[PDB]
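Cβ placement follows ideal geometry from the backbone for every residue including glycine, while neighbour counts extend to all protein chains displayed. Computed from the coordinates by the stated procedures, all read-outs in this text should not be read as laboratory data.
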Amino acid sequence: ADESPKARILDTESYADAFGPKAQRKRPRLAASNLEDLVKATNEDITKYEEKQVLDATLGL
Amino acid sequence: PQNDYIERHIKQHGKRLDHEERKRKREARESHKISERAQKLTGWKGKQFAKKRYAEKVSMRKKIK
Amino acid sequence: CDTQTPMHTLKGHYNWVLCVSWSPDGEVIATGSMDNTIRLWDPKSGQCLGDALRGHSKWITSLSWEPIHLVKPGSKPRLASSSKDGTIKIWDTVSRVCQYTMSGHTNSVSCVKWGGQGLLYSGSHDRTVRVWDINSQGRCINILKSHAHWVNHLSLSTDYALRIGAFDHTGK
Amino acid sequence: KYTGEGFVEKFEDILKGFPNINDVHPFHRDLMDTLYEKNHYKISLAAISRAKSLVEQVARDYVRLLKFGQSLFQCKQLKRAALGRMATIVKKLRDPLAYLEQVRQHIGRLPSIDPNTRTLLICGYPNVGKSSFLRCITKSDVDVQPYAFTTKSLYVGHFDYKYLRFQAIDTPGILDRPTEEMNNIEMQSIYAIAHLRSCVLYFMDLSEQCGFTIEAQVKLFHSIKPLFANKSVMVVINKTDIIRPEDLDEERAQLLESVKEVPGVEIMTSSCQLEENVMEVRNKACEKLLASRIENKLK
Amino acid sequence: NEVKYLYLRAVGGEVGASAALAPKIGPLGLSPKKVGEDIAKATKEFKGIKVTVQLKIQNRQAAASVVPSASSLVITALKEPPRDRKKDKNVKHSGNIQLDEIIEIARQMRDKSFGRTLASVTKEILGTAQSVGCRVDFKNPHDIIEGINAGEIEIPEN
Amino acid sequence: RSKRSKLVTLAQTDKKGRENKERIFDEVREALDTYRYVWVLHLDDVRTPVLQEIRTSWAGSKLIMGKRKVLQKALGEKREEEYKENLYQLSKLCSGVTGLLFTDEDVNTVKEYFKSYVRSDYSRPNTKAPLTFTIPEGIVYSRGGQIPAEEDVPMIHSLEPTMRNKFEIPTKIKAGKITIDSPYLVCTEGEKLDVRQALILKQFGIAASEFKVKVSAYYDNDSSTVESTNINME
Amino acid sequence: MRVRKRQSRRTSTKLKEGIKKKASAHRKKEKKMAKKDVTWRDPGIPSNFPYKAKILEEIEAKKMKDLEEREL
RNA sequence: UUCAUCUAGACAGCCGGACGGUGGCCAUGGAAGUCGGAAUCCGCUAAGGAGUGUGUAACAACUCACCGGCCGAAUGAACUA
Ligand SMILES: Nc1nc2c(ncn2[C@@H]2O[C@H](COP(=O)(O)OP(=O)(O)O)[C@@H](O)[C@H]2O)c(=O)[nH]1
Ligand SMILES: [Mg+2]
């Protein structure tokens, strides 16, 4: 097989530490490299969301 | 309202004037209420109440130990 | 191994002997145990050199030696040790001291490797790999973060030469 | 069959109610990922779905087995076995159910932000007066306290300018740190700035009552400079009743000119005790946003 | 005039550490930039080490001094290289501090101590050293304490 | 059945027993032989830092506290059970919170220290009011107008039920701040104070009363007689 | 105020005889299990008695006498 | 029934103390006994947890663990029927 299954995140971090009164998560697991890459990714996501919205507005709406 | 608005309201206006006294008297009444429930509940609800009481006593003894 | 018979017994530790290692010049055996201690042994006499190395608050996970080609002549190689407590300790066996105690890992350190370019590579259960500089008072040069789980093991391209030192297959 | 249907309908009520994190708008997706850890979110909902399928399978298998029961004792044993297997499946969901109850309670209180309407975004360092400006221009109940990070989440207010509805977004403060050591609270503001095409108002305190120097504020502005691309930008100097931009140092005036160098920002002075000035700056921000949106629609 | 006393915990050597003093300073009207500069000047000896800073305010002035503390003095005598929050995190304190420097710290902290003996003050400092996790004479600080109790270690001043 | 149930707490400190009283007994009877002057001191409602300051200033002497009955039993209740001659008068002079001061320092020095030693203390119930306190109208501040209100941090909102119920002060919450409609006089100077007034004064932090250690008498080893000191016994 | 149906306490002959048979079967099974199973098989003086010291003195004297009554 | 406490003071109650190094170390925007992770020491004590809970953005404040003052004679716990 060329690819491995995804890592089981529950082994390292539990639901309680993920969110809730006893949550110990304060930073993102994978922070962005820099603000330029962040805004490029968000612009790409906006474009893809608009394309998908048009494609579903063609039929479903 | 947005975010933790009930907590903000408690911070800004407090609670009802007799909240603490009412809560204290209810917690004082809880022992009589538990005894009356044990002697009054019948059937499946009574059996479940007895089973839960046994489990709670076992857990408390384990915590003390 | 010539006669397939026992030769020496080393019974200094108190708990399980988790890891053993031989010096790259072949002079001394270093054993790290479950009792959070490290011991050094002369193999020819089957004897213990001084007292145990102490300071780790958890059991030893891996032992590595300083390479012979980086060790200056007239001195003995140093010993890097990792442990469950998340710290890497460097021991000078000549004076039987601890020189550096690196502590950057937030979790248990899986393994430590003393490379051939004067660096140390540590892998730990905090999903990171820390590259420390021995020449700079044990300051972490780099932090590599690309794994989503515990890094169980790490290996270097020159590990065979680092473990073999100056000896070859002819045993000269 | 009845017990299986009850479990399945509870699971379906759980699964239909919760939003699809991937399907929502990218702003909502990033905000919910910051708040609730999207990986745990999807894993918990998938565990619910798997439990639903397993309960259905157990019900079908044991009804088929009960077709061949030969006595009351055997049929009772088969029914108890089916209910016990369902109960074991449900007991294996203790942690995801608690996580989902907490997430439901938190997500029910999130403010409604339309990422397509007209938006005045407010940003800057802590203790500069963002919440006070939101109080002045809207009727939101955001707290105003003289210590850092009084506000830990996005707050929304509304107003009307030229018969048009505008929303104003107050954000938790941003610190001048790299994104690797940036935390979730600041990531809320970063995502709001990156996603909401709007008019951004960066608030500066020249009196250093905020605990941050003017140089630090200028550095933060130039660091978050790449964020507001293709958006209206404006710099507002708050707390002018304590210190004015006119009687500042020459080096700090050079810093302000460095700020003004970035196109096409404009510098406006204001005080949160000054109704006329806060109304003027609100009107200017609305005018810039309206001009930008209409010029974009005209093409 | 009257003297106002304020106490804070600030990292030694870091400029602009008086940001947390802004709610306190605000009503008095002092300049936070000058307060931070004075704190940085006063904490030049300790670098990368959390210290207790005392500010005295009179008329329109601000003077900064460092109040000695057991953990801060132990960290200073531990002689560790300065660290950065960007680079170094979760740093342990597991070095060695000799008994002579421990006794020096005890002498420094003796003035505001209710112990009647320099031995008692030294045992307090050794308890603090055990808390921070360092070693004394290549031994446990509690082992040094037990040696003092058994009488092997004689504290010089009486 | 039908009994009160005792509350169960999981703490780290266990109760003391008869062994502690035995140790105090033995220490008192050893100090009686070791030292020369035994003073009886009254230290009612003393703060522990103040007591530790007294102990530090009396380096080389001994101050022994504990149960009054235990101390009297150590000194000997009557003449047929006294540890030393004429010690029953000193034993019966104990009253309330009694401290035994064993020393070899001069009587004049001890008297001078205990006449020149005084510390500021919270006003106690059933004591004379050292001042007149009135909370001003408007927002209630933490000091209650003793210092300027601009300097003072406003009173935290969490104490409002305590002020309304326990302190019987009519308070309201406006925008998260404790407020009163009119100024509230709590204590008048030169007037006996009850528990509620003492609690209000302690909550606002007013400390105008003074603590002076009382010296009842002392016993000398060589003379074997008790001499009354009558120090701070007004 | 709607009173429910009360359960009858009139004895049923069939139930009584069946209870007799069930009790006899239970006793037989208990005897069999007690004979079959494998399991390993003097509170002293009560503390509230007043003359415990006298009882203890008497039993000590009896022990001291019986120590030598068999020897000589 | 068996264990414990008790006029060198029983169960309740009220009042006072409840300290010092110390805001112990790491981490946190902030975290000072009380979101967390590991040490959990020493001094002075009558006694006082590197803290049992409420509380704060953090402190503050209250509380109980423990000790003492007033009161003065029995009381508590675990089992069995
Ligand atoms: N004099 C003055 N003080 C202000 C002004 N704006 C805010 N403040 C003060 O700044 C403190 C903190 O402001 P805050 O609303 O929390 O700003 P934020 O943290 O950026 O949202 C408050 O105590 C206000 O009294 C202003 O325009 N003038
Ligand atoms: Mg704010």
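Brief remarks follow.
- Any hit, the stretch C:136-156, residues being crowded, with 18+ Cβ neighbours inside 10 Å and under 19 Å from residue E:94 (Cβ atoms): yes
Here is a yes/no grid of residues against (1) out of contact with any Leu (no Cβ under 6 Å at 6 or more places or on another chain); (2) within 24 Å of residue E:19 (Cα to Cα); (3) of a type outside the set (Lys, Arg):
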{"residue": "E:35", "(1), (2), (3)": "yes, yes, yes"}
{"residue": "E:40", "(1), (2), (3)": "yes, yes, yes"}
{"residue": "E:44", "(1), (2), (3)": "yes, yes, no"}
{"residue": "E:48", "(1), (2), (3)": "yes, yes, yes"}
{"residue": "E:57", "(1), (2), (3)": "yes, yes, yes"}
{"residue": "E:75", "(1), (2), (3)": "yes, no, yes"}
{"residue": "E:88", "(1), (2), (3)": "yes, yes, yes"}
{"residue": "E:94", "(1), (2), (3)": "yes, no, yes"}
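- Any hit, the stretch B:16-36, residues being more than 17 Å from the chain's Cα centre (by Cα), surrounded by 13 or more Cβ atoms within 10 Å (Cβ to Cβ), within 27 Å of residue F:178 (Cβ to Cβ) and of a type in the set (D, E, K, R): no
- Lone unmet requirement of (1) surrounded by 12 or more Cβ atoms within 10 Å (Cβ to Cβ); (2) more than 14 Å from chain D (Cβ to nearest Cβ) for residue B:64: (1)
- Residue tally, condition crowded, with 17+ Cβ neighbours inside 10 Å and more than 11 Å from every other protein chain (Cβ to nearest Cβ), over the stretch D:94-119: 2
- Residue in the stretch F:49-65 that is nearest to the other protein chains (Cβ to nearest Cβ), counting only those that are of a type in the set (A, V, I, L, M, F, W, C) and within 7 Å of RNA strand H (Cβ to nearest atom): F:51
- Complete set of residues in the stretch D:257-299 that are among the polar types (S, T, N, Q) and part of a helix (DSSP H, G or I): D:258, D:277, D:283, D:292, D:296
- Top-ranked residue in the stretch D:231-254 [being surrounded by fewer than 18 Cβ atoms within 10 Å (Cβ to Cβ) and of a type in the set (A, V, I, L, M); ranked as nearest to ligand 2 (Cβ to nearest atom)]: D:242
- Boolean, residue D:204 is part of a loop (DSSP other than H, G, I, E, B), among the hydrophobic types (A, V, I, L, M, F, W, C) and away from ligand 2 (no atom under 14 Å from the Cβ): no
- Of the residues F:23, F:68, F:29, F:1, the single one that is more than 6 Å from RNA strand H (Cβ to nearest atom), under 17 Å from residue F:219 (Cβ atoms) and out of contact with any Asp or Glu (no Cβ under 7 Å at 6 or more places or on another chain) is F:29.
- Test for residue D:160: is it among the acidic types (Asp, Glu) and in contact with a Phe, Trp or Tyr (Cβ under 6 Å, 6 or more places away or on another chain): no
- Residues of the stretch B:10-65 that are outside any helix (DSSP H, G or I) and in contact with a strand residue (DSSP E or B) (Cβ under 6 Å, 6 or more places away or on another chain): B:14 alone.
- Any hit, the stretch F:150-158, residues being hydrophobic (A, V, I, L, M, F, W, C) and surrounded by 14 or more Cβ atoms within 10 Å (Cβ to Cβ): yes
- Residue count for the stretch D:133-163, restricted to those that are within 17 Å of residue D:203 (Cβ to Cβ) and either surrounded by fewer than 19 Cβ atoms within 10 Å (Cβ to Cβ) or in contact with a helix residue (DSSP H, G or I) (Cβ under 9 Å, 6 or more places away or on another chain) (or both): 17.
- Residues in the stretch D:122-151 that are charged (D, E, K, R) and within 8 Å of ligand 2 (Cβ to nearest atom): D:130, D:143.
- Residue tally, condition within 12 Å of ligand 1 (Cβ to nearest atom), more than 14 Å from chain B (Cβ to nearest Cβ) and aliphatic (A, V, I, L, M), over the stretch D:134-154: 1
- Of residues in the stretch F:194-234 being acidic (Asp, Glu) and assigned to a loop (DSSP other than H, G, I, E, B), the one nearest to residue F:38 (Cα to Cα): F:222
- First in the stretch D:118-129 and assigned to a strand (DSSP E or B), second anywhere and of a type in the set (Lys, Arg) and within 16 Å of RNA strand H (Cβ to nearest atom), Cβ under 9 Å, 6 or more apart: D:122/D:130; D:123/D:130; D:124/D:130
- Residue count, the stretch A:1-34 (criterion: assigned to a helix (DSSP H, G or I) and either more than 8 Å from chain D (Cβ to nearest Cβ) or exposed (fewer than 12 other Cβ atoms within 10 Å of the Cβ) (or both)): 3
- Between D:51, D:82, the distinction of being more than 30 Å from residue A:26 (Cβ to Cβ) and in contact with a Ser or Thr (Cβ under 9 Å, 6 or more places away or on another chain) belongs to D:82 only.
- Just one residue in the set C:87, C:5 is surrounded by fewer than 16 Cβ atoms within 10 Å (Cβ to Cβ) and out of contact with any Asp or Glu (no Cβ under 7 Å at 6 or more places or on another chain); that residue is C:5.
- When D:131, D:198, D:189 are checked against the criterion of being within 14 Å of chain A (Cβ to nearest Cβ), within 16 Å of RNA strand H (Cβ to nearest atom) and hydroxyl-bearing (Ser, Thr, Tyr), D:189 stands alone in meeting it.
- Output for the stretch D:156-198, where each listed residue is part of a helix (DSSP H, G or I) and either more than 13 Å from ligand 1 (Cβ to nearest atom) or not small (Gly, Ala, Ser) (or both): D:184, D:185, D:186, D:187, D:188, D:190, D:191, D:192, D:193, D:194, D:195
- Among the candidates D:173, D:157, the residue that is away from chain A (no Cβ under 14 Å), under 21 Å from residue D:25 (Cα atoms) and not aliphatic (A, V, I, L, M) is uniquely D:157.
- Scanning the stretch D:177-186 for residues that are more than 7 Å from chain A (Cβ to nearest Cβ) and crowded, with 17+ Cβ neighbours inside 10 Å gives D:185, D:186.
- A count restricted to the stretch E:109-139 and to residues that are within 21 Å of the chain's Cα centre (by Cα), more than 7 Å from RNA strand H (Cβ to nearest atom) and surrounded by fewer than 16 Cβ atoms within 10 Å (Cβ to Cβ) stands at 1.
- Test: residue D:62 is away from chain A (no Cβ under 14 Å) and either touching a helix residue (DSSP H, G or I) at 6+ places or on another chain (Cβ under 6 Å) or within 16 Å of RNA strand H (Cβ to nearest atom) (or both): yes
- Inspection of the stretch D:216-228 finds a residue satisfying the criterion of being crowded, with 21+ Cβ neighbours inside 10 Å and either farther than 20 Å from residue D:170 by Cα or within 14 Å of chain E (Cβ to nearest Cβ) (or both).
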